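# Remarks on the overall topology
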Amino acid sequence: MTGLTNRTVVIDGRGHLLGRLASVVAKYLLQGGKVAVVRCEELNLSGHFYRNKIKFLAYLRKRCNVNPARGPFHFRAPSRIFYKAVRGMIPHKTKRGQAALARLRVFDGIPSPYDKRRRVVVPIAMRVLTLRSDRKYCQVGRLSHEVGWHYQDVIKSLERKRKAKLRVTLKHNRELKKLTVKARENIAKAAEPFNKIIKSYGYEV
Amino acid sequence: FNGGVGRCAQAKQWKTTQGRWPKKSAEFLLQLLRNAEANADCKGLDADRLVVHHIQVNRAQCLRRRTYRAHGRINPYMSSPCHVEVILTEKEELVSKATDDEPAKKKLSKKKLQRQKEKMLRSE
Amino acid sequence: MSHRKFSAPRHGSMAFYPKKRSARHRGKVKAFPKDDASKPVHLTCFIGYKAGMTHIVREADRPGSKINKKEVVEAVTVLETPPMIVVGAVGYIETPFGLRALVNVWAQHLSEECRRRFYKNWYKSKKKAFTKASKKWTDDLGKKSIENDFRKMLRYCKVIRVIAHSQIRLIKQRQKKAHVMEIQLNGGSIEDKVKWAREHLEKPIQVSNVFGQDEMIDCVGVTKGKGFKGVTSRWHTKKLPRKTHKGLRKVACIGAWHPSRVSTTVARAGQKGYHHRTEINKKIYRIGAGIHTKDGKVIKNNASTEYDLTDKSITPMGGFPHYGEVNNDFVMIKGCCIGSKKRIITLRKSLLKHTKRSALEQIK
RNA sequence: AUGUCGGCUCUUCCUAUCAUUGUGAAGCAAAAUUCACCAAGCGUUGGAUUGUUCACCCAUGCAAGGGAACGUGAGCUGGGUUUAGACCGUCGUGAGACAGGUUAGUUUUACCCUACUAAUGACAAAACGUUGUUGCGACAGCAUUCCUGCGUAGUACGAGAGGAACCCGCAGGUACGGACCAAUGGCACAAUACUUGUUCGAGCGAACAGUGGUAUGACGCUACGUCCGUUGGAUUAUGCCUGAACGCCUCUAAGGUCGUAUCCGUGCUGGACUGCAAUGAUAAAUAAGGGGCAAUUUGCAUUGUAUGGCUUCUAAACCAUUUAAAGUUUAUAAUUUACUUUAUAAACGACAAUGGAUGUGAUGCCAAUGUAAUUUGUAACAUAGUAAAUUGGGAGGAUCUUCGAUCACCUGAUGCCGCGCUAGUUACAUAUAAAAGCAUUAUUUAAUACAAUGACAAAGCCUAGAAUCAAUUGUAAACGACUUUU
RNA sequence: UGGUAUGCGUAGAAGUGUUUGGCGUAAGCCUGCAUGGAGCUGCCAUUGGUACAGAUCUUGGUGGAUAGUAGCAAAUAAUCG
RNA sequence: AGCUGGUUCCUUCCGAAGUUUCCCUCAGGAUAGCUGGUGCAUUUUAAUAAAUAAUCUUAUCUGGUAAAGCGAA
């Protein structure tokens, strides 16, 4: 909320490339922009489904033999995979970096109060713009389930439930928006306090 | 002086796992408490309101023995005497006290207080 | 670099380590046979107590085994399963972090051994748990609390479990500490699961409803705890030959100068026993009726086969050793169950449909 | 001063895969074996001799693959090598040598640190205390193995000789792992008996022979005893569709299907020490007060906000997607639960535009008709036109979230404080403002506004726990602890 | 140590503890404050047993290990009182 | 004891060599070379060049490597 600019930027993880998004977000956290990233299952990473699957499998091979519980956390969730990507790009070994990680929140499948919130696009992160035509790409949530993410099934139901609440709110919003524009338009010409400011603005709104 | 003191359930009152009952030490502290109480009666200090406010135990000069050990080694076996110190006090009523505030004169400062009060409406 | 030269089998499977002493005697299921819509609205599990082990004889059938028409004599376990009282209902929502209980709703009257659990000092305790929650039932009811809570559970909660409570007083174990478990209702329709639970408040559910003779059950216990023990007993490492300077029962070799590293995988002295373990595919010999008494004083024919005729009961002469009056509803299980004398073991429905024809045999 | 070699013991990995899985080759007919692949998940042994790795043999099993940390001497052994005794061959005048044979020859220290194995656990953090109960599952480890008999079988296949012990299906065992003590077996209660020697006057019953011996031998432990060890997806190898490059054709270029003892989950095991959820009681008892709702409300205080009203701010909010001709829409005609589906006409034709704001329920910085480190107060006109309050009932919502015994919506009823009124144009009056300062930024503010926190004495509501220690159980254990208890 | 400041001094010397203040790139210096009790220093020349962190240094003292970890366990070993 | 270990305050300025030779020399010296210090004599290379030192270029010599040769020794 209260920020240098907005302390909460809800970012749509849909059609963002994973490292492109992670790097721009890392900058924003260091700048104090405190961002929340939602729908990390809709997050994409370039390189075929299969190519990603094998890349991600290579780390679980990495295992601290003596006590593997000291050893590398192979974070299943797409939200936590996003989180690992950002965390590596930040100096997380410093106390400054701890502050910056705390500024970051990462959710798969947009919950709580974030759904009546607008998911902002970061256009550098956009896969469709940056990625070349006819290049096969992976979706992170597909990759996640292969490496053992339990909750692929779970989020898909929770997302559908959310989409449905998000549908009814949209429908009423569009109905309301019609009736707001007519209520300006009909009073506008009928004296002049709307003719004065709109046409002295006269730009293109 | 935690180790290798094993463990006693009865120190969970004091929130710490490791307790011991070190009987000889507790007896000498007892004697010196009774000395101080005896001294307290002489001064005519109120018995009920005695609280211990200081104990300080510091190390006294070692007495030296030496035990004789395998492979013609001699290595010291030493006793630890103590300097024990105790102070008893009467329970005092809540002492407050007060300090100043050497503040403002100036150019925006005279105009701070005086304008903000005088010709300014103070909403409830 | 000398090899092992003779490739050997690694003493002790890594999949039960790191062997630390069990927190909760009330075995926590790791797993339940889902809720496959259509089917009963019955509790997956019961809490039973070890009464011990009896020994038994039956004729063994399996097509084409040569154990055919010949009798086989089999080790046995005898579990005291006295009718569990349903005292509550919890409903859980799947969130992307995990299953979160929203709501626990409670039976008006919680009966002393159900309260005993909540207290480690009973004689100094005023017994005031759950006075104010039972006072929900005085006021308005579901229009301020009870049915509003239950409704919330209907609305979302994808999995509903029932808080069920052991009648320990029926067992002459001096415990009195009846044990709390949450047991998943497999029941078709979420709405029906809560409703059967509301009804089941302060009501007993007998062993017979959930389970059947020659059903596949998993028995889940904490194991026998038996001290700080030696490396040789624990990991089943070969006892170093007697020529050994200063202590024959070790593991010789942790390993190797490089890496400068004790591996976990090396047999060490640390806890052998006190471990939660689930072993699966234990068949029911008998579900035994404790029954009792019209004017003619029964406990008659609990150890009875159609072939024995000789009355009495499953109780061995001189009541089961450490345990042992054993007056009750029983599940007689095919012979070696996880858990010591006097221990809590939870008896469970088999996760999956065993086509493994040794069970589905209806054995007599 | 970095503890030789082997063998004992114990570890994990690697393949360049012998076996096992799934597969492609074969001058593979069957059987069988050979070659090559994904694959180290799972096996790779018991002995004779040698100090021996190596080697050489014997026996079984479908199969007895090869390597890395010169692994491994406060682990052993000290056998070979490699000391001081010793013998012999050779050589040497001799002493003495021999990397030539032979024989006897002290293996020292962990209680530190770490790691690890097990064992206790505090504080604070507080996306809302305490304590108890109940749970989740992050994350880490991960395991079942192989054969044989029956069966496919005297069949397929073969000219014959033979010949799939071949998946469905069935039973058993092996190797590994984990349990469990009922039976059976093992141990000794120094239990009971017997027995010897001695002692108690004899006797009974014992004592002493450091558990006297012997037979039996329970609560209990434990074997050689017995019981138990899940199931899918992803997809490799690979076989394939459709189909161009190359009119054609083709498993591949695009798109698409099945597919491993693999991998990863299910499962199995530790349980994020405090990562988090749910719920209960929530004290102390009255001569007392204590806590609680305190989100509160008051003097007053602390702290953040905006910092010169405010020179701010926003948990409504541009979809639902394959996606680079991919595409955002409107309307007419149909269609739908779905900006879904169909035909016609257009349209922002990844332009410039657009990306801040349509502030998209049209915010703000407005209200304020003097907009402010005062608040403006008070008059008219006509147009557009505003609303303040309370209670009941019926249904609905909650994914780490600032109060799930909470907050809505709708519908009906009750009355009447008229409390506010705003914008436009226009009247009347005025404090701030004249902050001295001509250099006004400099040490750079706060009346006020909003949000949180506080608590001195006092005030306005509600309610009357347990934990731990002692003592106690044995299901537990070195000690804490665990589990039971009054 | 020769000379000197008609040096300082029991009205507190030297010594020493010291978030006193300051000087010098530094070697190091002065001062304050507290403690102290009997003697002492600056400058110019003059002589050296002349400045320490070490030398498996020497000698004395003291820690962590560890108020307790090794242990204080062979010959049973007491015990009523 | 040619060996090992250690050698006691600071700052400023300049600042090496592991090479030569001989040596029972080769874990070391002497010796030459490199190093500093002390200075001295003169500055047209000095105090208010028609004298050089040493690097290009030029002019004037040398050489048997690269390449080439083997139908040249």
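Residues numbered from 1 in each chain as written, not as in the entry; some residues may be left out. Chains lettered and ligands numbered in written order. Part of a larger assembly, values for the part shown. Heavy atoms only, no water.

Check the Function section of the UniProt entry for chain C; it says "The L3 protein is a component of the large subunit of cytoplasmic ribosomes." Recorded under Sequence similarities, the UniProt text for chain C is reproduced unchanged: "Belongs to the universal ribosomal protein uL3 family." (UniProt positions renumbered as here; feature names shortened; annotations may be inferred.)

Turning to chain B, the UniProt record has this under Sequence similarities: "Belongs to the universal ribosomal protein uL22 family."

Quick look at the overall build of chain C now. Scanning chain C from N- to C-terminus turns up four helices and 13 strands. Counting only C-alpha atoms, chain C reaches 80 × 60 × 45 Å along its principal axes. A total of 364 residues make up chain C; the buried ones form 41% of that total. Taking the contacts inside chain C whose residues are at least 6 apart along the sequence as the reference set, 76% of them involve residues at least 24 apart. With an accessible surface of roughly 22,900 Å², chain C has 54% of that area assigned to carbon and sulfur atoms. For chain C, the centre of its 78 positive side-chain charges and the centre of its 30 negative side-chain charges are spaced 15 Å apart. (Helix = DSSP H or I, 4+ residues; strand = E, 2+ residues; numbered from the N terminus. Buried < 20%, exposed > 50% of the residue type's maximum accessible area, 1.4 Å probe, protein only. Contact = heavy atoms within 4.5 Å. Areas by Shrake-Rupley, 256 points an atom, 1.4 Å probe, with all protein chains shown as cover. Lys, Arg positive; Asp, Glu negative; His and termini not counted. Charge placed at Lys NZ, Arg CZ, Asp CG, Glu CD.)

All names here are of chain B. Every residue lining RNA strand E is accounted for by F1, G3, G4, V5, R20, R59, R64, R69, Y77 and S80. Near-protein atoms of RNA strand E (within 4 Å) split between backbone and bases, with sugar and phosphate holding 77%. Taking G3, its main chain carries an N or O atom lying 2.8 Å from a phosphate oxygen of RNA strand E. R59 has a polar side-chain atom sitting 3.2 Å from a phosphate oxygen of RNA strand E. Across the surface near RNA strand E, the residue classes break down as three nonpolar, three polar and four charged. (Near = heavy atom within 4 Å. Polar contact = N/O pair within 3.5 Å; in protein donor to acceptor, adjacent residues only side chain to side chain. Nonpolar A, V, L, I, M, F, W, Y, C, P; charged D, E, K, R; others polar.)

Quick look at the layout of surface pockets now. Residues and elements named next belong to chain C. There is about 1,600 Å³ of room inside the largest pocket. Lining the largest pocket are 41 residues, and of these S263, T264, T265, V266 and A267 sit closest to its centre. Broken down by class, the residue content of the lining of the largest pocket amounts to 20 nonpolar, 12 polar and nine charged. The space that makes up the second largest pocket amounts to roughly 880 Å³. Along its surface, the second largest pocket is lined by 24 residues, and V57, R286, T305, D308 and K364 are the ones closest to its centre. Put simply, the parts of the chain that give the lining of the second largest pocket at least two residues each are β2 (56-60) and β11 (276-288). The element best represented in the lining of the second largest pocket is β2, accounting for four residues. (1 Å grid on protein atoms, 1.4 Å probe; cavity = no way out; pocket = protein on both sides within 12 Å on 5 of 7 lines; lining within 4 Å. Points joined across faces, edges and corners; volume = space filled by probe spheres on them.)

Moving on, we come to the protein's contact with RNA strand D. Taken together, the neighbourhood of RNA strand D is formed by 212 residues, with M1, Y156, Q175, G225 and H258 of chain C sitting nearest. If you look at RNA strand D and keep only atoms within 4 Å of the protein, 73% of those are sugar or phosphate atoms. In this structure, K136 of chain A approaches RNA strand D through a side-chain N or O atom, which is 3.5 Å from a phosphate oxygen. Contacts to RNA strand D include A15 of chain C, whose backbone N or O atom sits 3.1 Å from a sugar or linking oxygen.

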